[PDB]
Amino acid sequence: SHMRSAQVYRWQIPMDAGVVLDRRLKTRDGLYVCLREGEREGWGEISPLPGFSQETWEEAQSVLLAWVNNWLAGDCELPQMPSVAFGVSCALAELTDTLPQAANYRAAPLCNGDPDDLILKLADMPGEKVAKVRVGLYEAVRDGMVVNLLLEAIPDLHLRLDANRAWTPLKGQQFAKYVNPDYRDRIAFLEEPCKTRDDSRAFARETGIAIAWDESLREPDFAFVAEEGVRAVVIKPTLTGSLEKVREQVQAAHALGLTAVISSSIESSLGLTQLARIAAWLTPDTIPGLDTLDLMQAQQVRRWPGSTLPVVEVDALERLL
């Protein structure tokens, strides 16, 4: 039986109180697609992220439904709208059993709070110690002092930092000055230190601290480039597009000797598990940036193994078809 059918689900997941993204997030709104052909089915998540995605939830819903209406009649071109392309391409890959299963469902811990308490937490980590910490909220001196404390405390810690383009050149300098140069190599990367990319490149070259691009990847005219100081790229599939485009970006990063990190756009557990599979497959030696499930009050449909959050089943979701 080659018979095609499909369902599209619309949903809202309550966020934990206080989730910040410069702006608060109360609810995660999104969509699932389920595609079926004969005995097989595949799922994907279409959840554009407010303030990051160009498209809204409602625009994505429209494009998704139109795409599904075509697919039901036979193969068609992928959507270009990135959230929809991501979710549909994932569902297609599951249908054909070409998105691999994974042993490991990994995430770099996203950490905040009292520095000493974090030291205690990170020292008890098994395996390679990688954690992600936001910078650029406090002043630069405080950030540099705290990073230095963490790195001095745990000799095998490697920190990913993210300034979300907060800094001027001077603030980047004030930060770096407080990080012991003998530890700077264990900043695995600092995402988007400065307001402009040229200022970020100068920060990297001048301080020796490795940077990564994140927001930059979605800007018009971005190109993958090997350049002194850039050590990594952060690929957020929901903001990027198809699974194949994601794969092309990982490949581009690796060809240039750059680390490619698969990272969360605050997807539901369904999309997060798929990101975990993408990471285990395409970036097997890079822990992905997926530690956002614990910002949410529930899982849906597909479980992240080990999570104790309650699970909303398919039958409780709103159906559009």
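When you see a residue number, it is the position in the sequence shown, counting from 1.
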Review point. Between residue 312 and residue 313, how many deposited residues lack coordinates (none, 1 to 3, 4 to 9, 10 or more)?
Key: none
Practice item. Determine, for stretches 4 to 12 and 312 to 320, which one has the higher mean CA B-factor as deposited. Key: 312 to 320
Check your understanding: Taking the recorded C-alpha temperature factors, which stretch has the higher mean, 38 to 46 or 280 to 288?
Key -> 38 to 46
Check your understanding: Which listed residue, 100, 237, 144, 229, has the largest C-alpha temperature factor in the record?
Key -> 229
Check your understanding: Which listed residue, 111, 209, 212, 179, has the largest C-alpha temperature factor in the record?
Key -> 111
Point to revise | Lowest, middle or highest third - CA B-factor, residue 267 | key: lowest
Review point. Which third of the chain holds residue 273 when residues are ordered by C-alpha B factor: lowest, middle or highest?
Key: lowest
Review point. Considering only modelled residues of the same chain, in which third does the CA B-factor of residue 87 rank: lowest, middle or highest?
Key: lowest
Review point. Hey, what third does residue 128 fall into on Cα B-factor, ranked over its chain?
Key: highest
Exercise for review: Sort the modelled residues of this chain by their C-alpha B factor and say whether residue 196 lands in the lowest, middle or highest third.
Suggested key: highest
